[PDB]
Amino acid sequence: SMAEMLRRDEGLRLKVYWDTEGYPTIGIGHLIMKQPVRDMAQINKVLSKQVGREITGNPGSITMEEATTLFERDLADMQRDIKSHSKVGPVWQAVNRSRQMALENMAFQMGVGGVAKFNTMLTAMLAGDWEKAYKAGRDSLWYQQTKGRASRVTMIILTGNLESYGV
(Lines of atoms letter the chains of each structure in order from A and count residues from 1; the text may use other names and numbers.)
(Lines give C-alpha, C1' and ligand atoms only; values in the text may rest on other atoms or scores of the structure.)
Protein backbone atom coordinates (compact mmCIF):
# COMPACT_ATOMS: atom_id res chain seq x y z
CA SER A 1 0.00 0.00 0.00
CA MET A 2 0.94 3.63 -0.48
CA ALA A 3 0.55 4.09 3.29
CA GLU A 4 3.26 1.50 3.99
CA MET A 5 5.45 2.84 1.18
CA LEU A 6 5.26 6.49 2.28
CA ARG A 7 5.52 5.72 6.01
CA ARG A 8 8.89 4.18 5.09
CA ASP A 9 10.10 7.05 2.90
CA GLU A 10 8.59 9.99 4.89
CA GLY A 11 8.77 8.73 8.48
CA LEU A 12 6.05 9.16 11.09
CA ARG A 13 5.78 12.13 13.50
CA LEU A 14 3.07 12.93 16.02
CA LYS A 15 4.75 16.30 16.84
CA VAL A 16 5.66 19.09 14.42
CA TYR A 17 9.12 19.11 12.86
CA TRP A 18 10.60 21.27 10.09
CA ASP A 19 11.62 19.82 6.74
CA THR A 20 14.79 20.54 4.78
CA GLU A 21 13.26 23.76 3.52
CA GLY A 22 12.34 24.98 6.97
CA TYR A 23 8.61 24.21 6.53
CA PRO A 24 6.52 22.92 9.44
CA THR A 25 5.59 19.23 8.89
CA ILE A 26 3.86 16.42 10.83
CA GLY A 27 2.51 12.89 10.40
CA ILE A 28 3.58 11.09 7.24
CA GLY A 29 5.12 13.98 5.32
CA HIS A 30 2.10 16.22 5.87
CA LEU A 31 3.19 19.76 5.00
CA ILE A 32 1.34 22.20 7.27
CA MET A 33 2.40 25.46 5.53
CA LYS A 34 4.76 26.15 2.62
CA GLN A 35 6.43 28.90 4.65
CA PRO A 36 9.49 28.92 6.99
CA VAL A 37 7.32 29.61 10.02
CA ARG A 38 8.37 28.54 13.53
CA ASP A 39 5.67 30.39 15.48
CA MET A 40 3.68 27.68 17.17
CA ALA A 41 0.50 29.74 17.61
CA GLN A 42 0.28 30.14 13.84
CA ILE A 43 1.33 26.57 13.04
CA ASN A 44 -1.20 25.16 15.48
CA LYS A 45 -3.95 27.43 14.15
CA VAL A 46 -3.51 26.11 10.58
CA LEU A 47 -3.06 22.50 11.76
CA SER A 48 -6.27 22.77 13.81
CA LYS A 49 -8.26 23.46 10.63
CA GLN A 50 -6.48 20.65 8.73
CA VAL A 51 -7.11 18.10 11.51
CA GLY A 52 -10.50 19.47 12.59
CA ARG A 53 -9.92 20.09 16.30
CA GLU A 54 -7.81 22.46 18.36
CA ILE A 55 -4.11 21.51 18.33
CA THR A 56 -2.00 22.43 21.35
CA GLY A 57 1.61 22.03 22.32
CA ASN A 58 4.96 23.59 21.53
CA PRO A 59 5.35 22.02 19.09
CA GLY A 60 1.82 20.93 18.29
CA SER A 61 0.89 17.29 18.53
CA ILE A 62 -1.62 14.94 16.91
CA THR A 63 -2.75 11.41 17.62
CA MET A 64 -1.88 8.41 15.47
CA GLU A 65 -5.47 8.31 14.21
CA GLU A 66 -5.21 11.95 13.12
CA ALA A 67 -1.90 11.33 11.36
CA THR A 68 -3.54 8.52 9.35
CA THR A 69 -6.51 10.72 8.44
CA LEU A 70 -4.22 13.54 7.24
CA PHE A 71 -2.27 11.00 5.18
CA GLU A 72 -5.37 9.55 3.58
CA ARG A 73 -6.52 13.01 2.55
CA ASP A 74 -3.05 13.98 1.32
CA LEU A 75 -2.80 10.76 -0.72
CA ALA A 76 -6.24 11.26 -2.26
CA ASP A 77 -5.43 14.88 -3.15
CA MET A 78 -2.18 13.88 -4.81
CA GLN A 79 -3.88 11.02 -6.70
CA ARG A 80 -6.57 13.40 -7.94
CA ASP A 81 -3.89 15.76 -9.23
CA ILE A 82 -1.61 13.22 -10.85
CA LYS A 83 -4.42 11.62 -12.85
CA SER A 84 -5.73 14.94 -14.20
CA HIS A 85 -2.32 16.39 -15.12
CA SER A 86 -1.99 16.87 -18.89
CA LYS A 87 1.53 15.37 -19.01
CA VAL A 88 1.83 13.01 -16.03
CA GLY A 89 -1.71 11.68 -16.21
CA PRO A 90 -1.35 9.93 -19.57
CA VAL A 91 1.78 8.21 -18.23
CA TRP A 92 0.14 7.09 -15.01
CA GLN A 93 -2.76 5.64 -16.99
CA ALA A 94 -0.43 3.64 -19.18
CA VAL A 95 1.69 1.78 -16.58
CA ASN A 96 1.04 -0.99 -14.07
CA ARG A 97 0.04 -0.42 -10.43
CA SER A 98 3.63 -0.73 -9.18
CA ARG A 99 4.88 2.00 -11.54
CA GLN A 100 1.85 4.07 -10.66
CA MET A 101 3.00 3.86 -7.05
CA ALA A 102 6.47 5.04 -8.06
CA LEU A 103 4.99 8.11 -9.77
CA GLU A 104 2.69 8.75 -6.80
CA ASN A 105 5.63 8.44 -4.45
CA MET A 106 7.51 11.11 -6.46
CA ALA A 107 4.45 13.34 -6.60
CA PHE A 108 4.05 13.06 -2.83
CA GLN A 109 7.67 14.20 -2.44
CA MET A 110 7.92 16.96 -5.05
CA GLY A 111 4.41 17.76 -6.24
CA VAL A 112 2.85 16.66 -9.49
CA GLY A 113 4.49 19.71 -11.07
CA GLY A 114 7.90 18.45 -10.08
CA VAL A 115 7.21 15.04 -11.67
CA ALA A 116 6.11 16.77 -14.88
CA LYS A 117 9.66 18.11 -15.28
CA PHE A 118 11.00 14.56 -15.92
CA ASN A 119 10.32 14.80 -19.65
CA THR A 120 12.80 12.17 -20.78
CA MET A 121 11.75 9.75 -18.05
CA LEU A 122 8.03 10.19 -18.70
CA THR A 123 8.46 9.84 -22.47
CA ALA A 124 10.46 6.62 -21.94
CA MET A 125 7.77 5.17 -19.67
CA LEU A 126 5.12 5.80 -22.33
CA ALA A 127 7.36 3.90 -24.77
CA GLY A 128 7.94 0.97 -22.38
CA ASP A 129 11.68 1.73 -22.51
CA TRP A 130 12.24 1.02 -18.85
CA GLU A 131 16.06 1.13 -18.92
CA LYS A 132 15.97 4.60 -20.49
CA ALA A 133 13.37 5.73 -17.95
CA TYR A 134 15.45 4.38 -15.06
CA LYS A 135 18.63 6.07 -16.33
CA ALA A 136 16.79 9.38 -16.78
CA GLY A 137 15.44 9.22 -13.23
CA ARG A 138 18.89 8.45 -11.87
CA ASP A 139 20.51 11.24 -13.92
CA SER A 140 18.51 13.87 -12.04
CA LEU A 141 19.25 16.35 -9.28
CA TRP A 142 16.45 14.58 -7.41
CA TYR A 143 18.63 11.46 -7.35
CA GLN A 144 21.65 13.51 -6.24
CA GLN A 145 19.77 15.03 -3.30
CA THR A 146 17.57 12.14 -2.05
CA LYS A 147 19.56 9.25 -3.41
CA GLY A 148 18.17 6.38 -1.32
CA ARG A 149 14.59 7.24 -2.07
CA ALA A 150 15.26 7.96 -5.75
CA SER A 151 17.09 4.62 -5.98
CA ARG A 152 14.15 2.63 -4.57
CA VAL A 153 11.64 4.52 -6.72
CA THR A 154 13.56 4.26 -10.01
CA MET A 155 14.13 0.55 -9.35
CA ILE A 156 10.34 0.15 -9.50
CA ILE A 157 10.26 1.95 -12.83
CA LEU A 158 12.94 -0.40 -14.16
CA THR A 159 11.59 -3.75 -12.87
CA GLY A 160 7.90 -3.11 -12.69
CA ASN A 161 7.66 -4.62 -9.18
CA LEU A 162 8.02 -3.47 -5.57
CA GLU A 163 10.93 -5.65 -4.45
CA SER A 164 13.04 -2.52 -3.82
CA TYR A 165 10.58 -1.95 -0.92
CA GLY A 166 10.92 -5.52 0.33
CA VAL A 167 7.65 -6.64 -1.34
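Numbering starts at 1 and runs along the sequence shown.
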query	finding
Mean temperature factor over C-alpha atoms, higher-scoring stretch between 35-43 and 122-130	35-43
Stretch with the higher entry mean CA B-factor, where the candidates are 93-101 and 79-87	79-87
Maximum C-alpha temperature factor, selected from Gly52, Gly113, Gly137, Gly27	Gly113
Position of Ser61 among the chain's modelled residues by C-alpha B-factor, lowest, middle or highest third	middle
Relative C-alpha B-factor of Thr20, binned into the chain's lowest, middle or highest third	highest
